[PDB]
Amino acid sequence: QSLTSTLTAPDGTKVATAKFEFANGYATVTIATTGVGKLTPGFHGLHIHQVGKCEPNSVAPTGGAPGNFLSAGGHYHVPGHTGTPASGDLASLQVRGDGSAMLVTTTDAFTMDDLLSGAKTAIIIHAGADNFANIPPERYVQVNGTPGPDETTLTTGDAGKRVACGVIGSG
């Protein structure tokens, strides 16, 4: 009834582990650091991405300059589901002053079969906080003049670089 992952940093060292427990039609997701000093204090975006690969200095499926864990692709969507929040979006990881963290959250947005389908999936911790695409259109505009969030914000939450990654399965 469970999937797991061990998340590593770009240099290959272990950062955290995750459990995905499926029961009663939903997932209970637990993630916690395995030591100290490996994440910056504060809030970090946490999402499931659409390809089960955790390769430092890699290229995204549709192209771009290489970067950490980019071959994991974009946010995970259950087939036939578009828009925000993506199926793979999770509550943020709150990191204490010593770099340690623990989160439990729940979601009915995906199943075990979903995560094991196809190219599999990866859980990613971002460098920055997730804005959940909440950019008040009455008070903020894009630099082109359009009110509210742009496509990049809608699909990423502007959480920045990928600082830890684990493939979801049995690891």
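Residue indices: 1-based, along the sequence shown.
- Averaged over their C-alpha atoms, the temperature factors of 66-74 and 113-121 are higher for 113-121.
- Mean C-alpha B-factor is higher over 31-39 than over the other stretch, the pair under comparison being 31-39 and 125-133.
- The entry lists a Cα temperature factor for residue 100 that places it in the middle third of the chain's modelled residues.
- Among the modelled residues of the chain, residue 23 sits in the highest third by CA temperature factor in this PDB entry.
- When the modelled residues of the chain are ordered by C-alpha B-factor, residue 154 sits in the highest third.
- Among the modelled residues of its chain, residue 45 has a C-alpha B-factor that falls in the lowest third, as given in the PDB entry.
- In the deposited entry, the Cα temperature factor of residue 106 places it in the lowest third of its chain's modelled residues.
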